[PDB]
Number of protein chains: 4
Amino acid sequence: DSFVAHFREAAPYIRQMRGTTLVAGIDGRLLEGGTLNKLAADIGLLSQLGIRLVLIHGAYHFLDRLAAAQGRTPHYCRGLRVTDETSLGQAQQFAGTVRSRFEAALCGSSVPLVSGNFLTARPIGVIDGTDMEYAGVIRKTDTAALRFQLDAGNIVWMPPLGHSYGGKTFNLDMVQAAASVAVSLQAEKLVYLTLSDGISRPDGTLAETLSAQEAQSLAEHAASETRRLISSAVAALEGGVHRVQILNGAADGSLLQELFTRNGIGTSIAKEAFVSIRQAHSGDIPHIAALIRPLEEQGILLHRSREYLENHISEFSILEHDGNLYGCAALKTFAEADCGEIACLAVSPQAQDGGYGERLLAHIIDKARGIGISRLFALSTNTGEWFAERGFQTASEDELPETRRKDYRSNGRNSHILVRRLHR
Amino acid sequence: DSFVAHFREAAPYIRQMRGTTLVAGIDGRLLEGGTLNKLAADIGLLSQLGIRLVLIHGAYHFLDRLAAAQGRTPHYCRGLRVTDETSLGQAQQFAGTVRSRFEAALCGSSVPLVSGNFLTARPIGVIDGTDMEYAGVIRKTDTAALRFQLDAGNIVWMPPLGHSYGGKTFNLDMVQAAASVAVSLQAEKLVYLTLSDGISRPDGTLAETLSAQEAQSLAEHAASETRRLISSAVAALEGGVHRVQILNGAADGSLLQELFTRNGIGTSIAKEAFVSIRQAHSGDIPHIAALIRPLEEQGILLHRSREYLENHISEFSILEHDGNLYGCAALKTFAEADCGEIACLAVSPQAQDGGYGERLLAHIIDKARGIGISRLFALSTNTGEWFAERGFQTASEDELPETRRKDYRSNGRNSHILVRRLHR
Amino acid sequence: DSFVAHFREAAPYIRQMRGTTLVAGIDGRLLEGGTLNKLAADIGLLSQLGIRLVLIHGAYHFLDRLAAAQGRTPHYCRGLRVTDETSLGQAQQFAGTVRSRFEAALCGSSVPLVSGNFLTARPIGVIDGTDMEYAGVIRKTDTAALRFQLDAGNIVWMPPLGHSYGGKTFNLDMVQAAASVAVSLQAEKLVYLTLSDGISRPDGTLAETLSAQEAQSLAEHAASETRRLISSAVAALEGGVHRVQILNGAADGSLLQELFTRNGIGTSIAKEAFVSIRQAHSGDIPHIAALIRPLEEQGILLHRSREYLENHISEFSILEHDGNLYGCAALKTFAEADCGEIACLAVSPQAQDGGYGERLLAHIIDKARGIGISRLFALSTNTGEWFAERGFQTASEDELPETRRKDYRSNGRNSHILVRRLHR
Amino acid sequence: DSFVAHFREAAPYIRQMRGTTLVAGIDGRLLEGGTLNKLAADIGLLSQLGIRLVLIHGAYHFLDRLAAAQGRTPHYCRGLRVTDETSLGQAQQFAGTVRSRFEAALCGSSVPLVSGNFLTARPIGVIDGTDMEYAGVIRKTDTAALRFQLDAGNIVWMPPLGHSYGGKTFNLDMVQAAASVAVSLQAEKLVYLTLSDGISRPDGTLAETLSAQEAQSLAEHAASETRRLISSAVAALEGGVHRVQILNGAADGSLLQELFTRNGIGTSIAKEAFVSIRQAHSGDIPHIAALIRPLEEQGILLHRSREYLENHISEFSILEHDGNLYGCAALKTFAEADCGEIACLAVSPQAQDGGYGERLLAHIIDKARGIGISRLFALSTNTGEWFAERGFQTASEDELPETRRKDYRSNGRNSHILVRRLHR
Ligand SMILES: CC(=O)SCCNC(=O)CCNC(=O)[C@@H](O)C(C)(C)COP(=O)(O)OP(=O)(O)OC[C@H]1O[C@@H](n2cnc3c(N)ncnc32)[C@H](O)[C@@H]1OP(=O)(O)O
Ligand SMILES: CC(=O)SCCNC(=O)CCNC(=O)[C@@H](O)C(C)(C)COP(=O)(O)OP(=O)(O)OC[C@H]1O[C@@H](n2cnc3c(N)ncnc32)[C@H](O)[C@@H]1OP(=O)(O)O
Ligand SMILES: CC(=O)SCCNC(=O)CCNC(=O)[C@@H](O)C(C)(C)COP(=O)(O)OP(=O)(O)OC[C@H]1O[C@@H](n2cnc3c(N)ncnc32)[C@H](O)[C@@H]1OP(=O)(O)O
Ligand SMILES: CC(=O)SCCNC(=O)CCNC(=O)[C@@H](O)C(C)(C)COP(=O)(O)OP(=O)(O)OC[C@H]1O[C@@H](n2cnc3c(N)ncnc32)[C@H](O)[C@@H]1OP(=O)(O)O
């Protein structure tokens, strides 16, 4: 399209991303090519948009491309890399050349860029018999100092090197280090810039959007490298990071396409919290009753009787935690096979505003879908916009299933009626 | 001595140094030896004492120790270094290894250390026919960003590398770069840590304390390397830096001995501002008269007559600028050859508090010294402590030269009498 | 030694002390002598080093030296002082002269010094029949206002006087007031400057370092004055203050020697928290098992069997709280009587980072010492530096007790071996 | 009146006083009586109203009431006080008792009150032969530290004591010290709380409102004590203080009545800047012409001709500085003896907004008054509210002097007409 249409398309994601923190793990290959000026520029822009940036790069591949040309062969283990003194020394060289060239590339074509001693490392030690020598993992990250630079508006640049209190230096694994830094900062987003296009499924298809479970279950059959991504992306989510993303850093302007279109072009991973939602039974009736009574009493929910719940308990879903129930929601069916109706949606006032509402609606929508329903009605007297704001369009008596149009007239509430269309 | 005596000796310099900025130019040799853990520790301490630190290191010697072992020979010019692409690339390697090892050394045996893209460079260009290729000099230093890190309490670490807006990188001369950064920050002190003990004089003697003139005149006969120090130290002073210092970074704990003892152990350089102080003549009498009248009229200065100034004008010194006079001061002599007396010391109220007072006293003391006087009296009614605070001890009528003891009794002012001893 | 050696010796304590708060209770005798210029200077320095200072002085002795010369005799009670209106009035005089002279002494030989109405007092009331009249104790300290002055870098000076909301003034006991102010500020250190050298033991020996228990048990046989110190020093520790210290304010530069040498020269008191550490029994095995399993499973701890723990349960120590166990650690012995080995050291992840690790190592070291062991080995695969950092030096297969060298080869883990020497 | 009417009366002065600084010099007698609780309360309130308070008290009278009861007699000189060591020591006692009791009184019947070492003193030295011993005057006030406490909302309390850098203490004269502190802070108001009702005139009348000149000329015949007030109040004004005030601190709630009523009850002093305003002559015509032309050209001022100014130059006043003119203003008279008219009022755009406008109107009003005019008209097309806002009420053609009503109709401008009444 036109410039304007594209700019307006990006606007909502610009809104979201603003004043948010984003930790980028970057493959060290991308710091050498012509792939460098391009992505320095894209990072520049990210800065220009009020995004707080932390950047970490790896060095494994450079190290190896020096081992190879040297006669030496690299040993990895549990996926990590045995780093001797000489190659630890070469990684400090590499970090100096990559940071300086990223800087030059960042300056010409003035964004404040900063670096410091934020990471303290300790040696991974020995694994399965094998000494990881100078392979480190992060022991203690200085979260305050970093916030402080990011507060100032500075982009933070981190090499894959931590220091120990014995005055030693340890090579860090970029992929797990970026995950750990993101967890410390509670970053809204962790972005891994790799050399592939996201993460594939069994047969060839690039996985757009994945839950942590689904990612988890891809890994059973996936190549070891992408196995390590997912495991680090899973641990990050579990640690607090709202969203992790895998892209191809080599594919021109991929970074921008991911962040600022509904599409994206790589893979995106997110963890739903635990939300036991189960089909109700006669045991739950006093609980639903207690929850729902005061809302009836206030005119928010249609009067009911215990008889109705006894005889209708199979259209009810409940949301529980540690036994106790915090929500419920019903689905009514009708003579018309295309229609459903979500009713008696409620959540404890004390567990309100945490997404329980949304999870119950989702659950009933999947329940409705799974039985052929393509039009979900909601009839509400004081909560219409909650539904309006979640895909429900305004409707009318005459659009309702015949019998419901009946009960609507004779119940007297003059509630607002809404429908949402559900597809294949 | 004991710990306590040493700690109390350091206290006054600790007072001075606190919250003050200090830019250290460091020879890159000192970043490799066992000379590294030692001086990381001393810099640590400096930090611990509330000193704002900027650190810059050179790379010339490392570069050369790579040219030599390569077959290549290094060309310098007007004292600077022709840096080709390959050696520019090696200086980025060097900076990564030196910053990482200084860090490790700084961490073990936690001080906040920071680095960023504060320098923009431009190529020195061509000199006397010779292309300096990638030899840069600083074009624009980001003074705000630096203050901001130093305000936070961070030690700033700078490599000898600036970036251009064409996305190129230029090797910087440490010695002149540290001078330029210090000038930008208006640092109170610029410290060059070298491999010699300060700067020698003609015959062998280490020059403790030098004015910029005196340094300037040593350089006519001095080795080119120390010639370049002095020229950069001179330009720094002229630019605002209150004090520049040359030490031996290799000599264990030299840094600490310089800053925190009256002694020091290297050389220290400072510029007096311009202070035309000349022997008065009959032309100045109305000016002195005008200056001095209102103070007489107030009881601060002994009454006088124009006759006295006419006939006594040769014991008077005046301080001038752009013709106009801002101060004067007399020296009286007596039958006793060991005695003098500073009198009629005065400075315009509008040029007060800038050191003019002090310069006039100094000048009369040199005048007194040069004629064999070893005891300078001052007789003041409302300004005793100005003299007390500058080496004058309390005295009495009976200590005065006989005739002055006479005039003292019969002038009636009951001014306080002070003396200062002056030696060989 | 030399200046440099002394300065480097002080550096680590300078590091510690920086930005830390220190409340000094000062005997009012020390505010009169030649002991005043000396310790104003030392306090000056303390300021110069970034230490936040609160200062409180007493007046009892001055009051008494006025009662005596007056005919009057002073009555104390439960160790405190009955202050009538007239002597309350004289303590306000004393505070004005002592604050003014401390100031003058502080200014000449410029540190920001501040004072205000931070203390509200209430009357101690009546004790054992006796009216303490104008003897107050602190009712409410304005902790915010004080932090605020200390944040500004000001030294706070407090007289032993609080005000009541009835508009009355109450004399405060310096020793207990300094303890209360320190508790409010949660100061890292409380320092009492007295006229003796610390606190003695039964027979003559100056007690260098004491736990609160040990101090507590000295007091059963100690002179009443030092009894009151310890009781106030104990309550301070219990209240949060990390460390309280008793010195001789009269002994020149004692203050500096305490803070900045390993030695010190007075007495120092600290409270260990509660840390039930007991010899394990067959009941603890499932708990240790549960703790230790997942670490085995991860390769951090040597595989074991329940049989081993059943038959080896006597070399195990466990750390408990409210029944539940949070840590364990074993000591192995060998045919060589000089050798031991700490093994199976572990702490719950949820109670990690609170010093439990350290307490278990300490406990096993005392256990090893008490049975003649002078060389403690530790064999760790992924936790060597935890031991390196706590007095363990690197070792080798050949240094191990013969049998352990055996098991080491044939267990296959290629863990790192460390030893620590333990003396008499 | 009623509470409401009084509160509304105070409101406008509350507006003015808010966030403004007020330095109070307080006679030390007022710190002892029942006059203490009363004025602590009134100062309290002042604080409660957002007024930044600095308070300084004297001690002379207490000192003397100790000299008298001792046999000793006090010597003053040029109005100041010879303070020996013993009485310097007693003033430190006095300051401790007065600050403590003011505090108690301030607390009961919680306002933050602060004190520190803001003053450095130097000895007045010797005057007219006489040694002022420990009589000091302020050498350097720490203006930053004080602003900083006042910024925090703290009331600052200062004793009449400064310290020297020789570690000595000097008694300060409250009256001149408060003037010097006020000048440093550029305080909006300096308030001297004495034991009389303001400053009298020749015959008995309390002087309400005085210019610095008028105060100056009262002093030729005034008692020495009030002579010293005026001289210190004059120097303060000249130094920047907008307004100094003399009250009776003993008269209950005088402080409040001064600040918050149009009345006041003591005396108030203010300095007009220099404002050469002189009757114009034929020399000024080109200058007025140049000033006034562009405003005519814009429709702001009635067209004129040079002829009119030539023949009418005697009704013109001009405001000059260094020769150059910055303003002018005319007064027209009419057949009606009660009428005047201010016209052709103008000020250079470059000297606008500094009160020149106001000074010209004032000058013409005095000119009009002095010739019997009781109704000043102003006819303006684009500047009515400037006049509305300065005592002019709206009027109409028919209210104008007959001839002016004529010229008004036939000039065509439909300017707005305003009048101001002027009385005896
Ligand atoms: C068809 C029907 O069943 S009609 C009956 C609907 N149920 C009721 O009205 C019961 C009373 N209300 C509730 O119980 C509400 O908590 C629910 C069920 C609507 C939503 O529960 P939650 O767990 O709080 O839902 P969820 O957390 O997903 O959404 C919370 C958001 O809904 C918004 N919301 C809550 N009530 C309303 C409302 N009455 N109108 C508009 N928005 C609302 C909240 O403000 C909150 O806003 P936010 O996104 O800006 O923070
Ligand atoms: C023996 C004799 O001639 S007696 C006559 C001495 N002359 C007079 O008293 C004339 C009146 N005073 C002056 O003219 C003063 O300016 C002088 C001549 C004493 C000093 O002139 P400056 O150029 O201001 O001297 P300089 O700048 O070196 O020192 C200024 C410092 O002196 C301090 N100083 C100035 N006057 C005095 C004083 N009367 N007492 C104590 N210290 C003083 C100022 O406070 C300033 O203090 P700082 O170091 O804290 O900022
Ligand atoms: C010989 C042997 O038994 S080998 C087996 C050692 N045990 C294990 O490795 C079990 C896994 N690790 C643990 O259980 C760790 O908690 C322990 C036992 C080593 C220490 O427990 P804690 O109660 O946390 O000890 P403590 O609180 O005294 O010390 C905590 C500090 O140790 C540091 N530390 C923890 N693990 C390590 C490690 N693997 N390497 C280096 N330092 C470490 C922590 O970072 C923390 O650092 P800090 O001082 O900068 O805050
Ligand atoms: C009857 C007659 O002579 S009509 C002709 C009046 N003269 C003109 O209009 C000439 C154009 N204006 C001027 O020359 C204006 O500067 C003057 C003469 C009105 C005032 O001159 P100043 O020296 O600026 O007067 P002064 O400093 O006492 O007052 C300045 C204030 O007047 C206010 N003021 C200035 N012009 C106007 C205006 N046109 N209307 C309302 N208020 C105004 C300014 O905003 C300023 O406001 P402040 O008090 O909020 O800061």
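Chain letters run A, B, ... following the sequence lines, proteins first, then strands; residues in each count from 1. Side-chain atoms are counted along with the backbone in the values below, which use heavy atoms only and exclude waters and symmetry mates. For ligands, and for the atoms within them, numbers begin at 1 and follow the listed sequence.
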If you compare all heavy atoms of B/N382 against all heavy atoms of B/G299, which two are closest, and at what distance to 0.1 Å? ND2-O, 3.2 Å

Heavy-atom pair of closest approach, residues D/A329 and D/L360: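 Scanning both residues, the minimum pair turns out to be CB-CB, 4.1 Å.
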
Would a distance-only check, ignoring hydrogens and angles, find a side-chain to backbone donor-acceptor pair under 3.5 Å from [X] to [Y]?
X	Y	result
C/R420	C/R390	yes
A/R122	A/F170	no
A/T120	A/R139	no
D/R359	D/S276	no
B/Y408	B/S415	yes
C/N414	A/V126	no

Identity of the nearest option to [atom], non-hydrogen atoms only, from [options]:
atom	options	result
atom 27 (O) of ligand 3	C/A351, C/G355, C/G384	C/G355
atom 30 (C) of ligand 3	C/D353, C/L379, A/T120, C/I300	C/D353
atom 5 (C) of ligand 3	A/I124, C/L301, C/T383	C/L301
atom 25 (O) of ligand 2	B/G357, B/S415, B/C328	B/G357
atom 14 (O) of ligand 2	B/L345, B/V347, B/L295	B/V347

[atom]: protein heavy atom closer than 4.0 Å?
atom	answer
atom 17 (C) of ligand 3	no
atom 33 (C) of ligand 4	yes
atom 36 (N) of ligand 3	no
atom 8 (C) of ligand 2	yes
atom 22 (P) of ligand 4	yes
atom 50 (O) of ligand 3	yes
atom 39 (N) of ligand 4	yes

Side chains of [X] and [Y]: does their closest heavy-atom pair fall under 4.5 Å?
X	Y	answer
C/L302	C/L379	no
B/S110	C/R15	yes
C/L331	C/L376	yes

Is ligand 3 under 4.0 Å from a heavy atom in the side chain of [X], in the backbone, in both, or in neither?
X	answer
A/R139	side chain
A/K140	side chain
C/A343	backbone

Tell me which donor-acceptor pairs under 3.5 Å the side chains of residues 341-354 of chain B have, and how far apart each pair is, sequence neighbours excluded?
| from | atom 1 | to | atom 2 | distance (Å) |
| --- | --- | --- | --- | --- |
| B/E341 | OE2 | B/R404 | NE | 2.8 |
| B/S348 | OG | B/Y326 | O | 3.3 |

Determine whether the side chain, the backbone, both or neither of D/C344 has a heavy atom under 4.0 Å from any heavy atom of ligand 4.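 Looking at D/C344 and ligand 4, just backbone atoms fall under 4.0 Å.
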
Under 3.5 Å, sequence neighbours excluded: what are the donor-acceptor pairs made by side chains of residues 288-298 of chain D?
| from | atom 1 | to | atom 2 | distance (Å) |
| --- | --- | --- | --- | --- |
| D/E296 | OE1 | D/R304 | NH1 | 2.9 |
| D/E296 | OE2 | D/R304 | N | 3.4 |
| D/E296 | OE2 | D/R304 | NH1 | 3.1 |

Hey, which atoms in ligand 3 end up nearer than 4.0 Å to a heavy atom of C/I342? 1 (C)

I'd like to check which ligand 3 atoms, numbered from 1 as shown, lie under 4.0 Å from a non-hydrogen atom of C/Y356. 23 (O)

Considering only the protein, which heavy-atom contact is closest to [atom], and what is its distance?
atom	result
atom 41 (C) of ligand 4	D/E385 OE1, 2.6 Å
atom 28 (O) of ligand 4	D/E358 N, 3.0 Å
atom 12 (N) of ligand 3	C/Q352 OE1, 4.6 Å
atom 4 (S) of ligand 2	B/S380 CB, 3.5 Å
atom 20 (C) of ligand 3	C/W386 NE1, 3.7 Å

Using a 4.0 Å heavy-atom threshold (strictly under), name the region of B/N382 that reaches ligand 2: side chain, backbone, both or neither.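 For B/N382, only backbone atoms sit under 4.0 Å from ligand 2.
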
Return the NE2 to CG distance between B/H303 and B/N411, rounded to the nearest 0.5 Å.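 Here the rounded value is 11.5 Å.
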
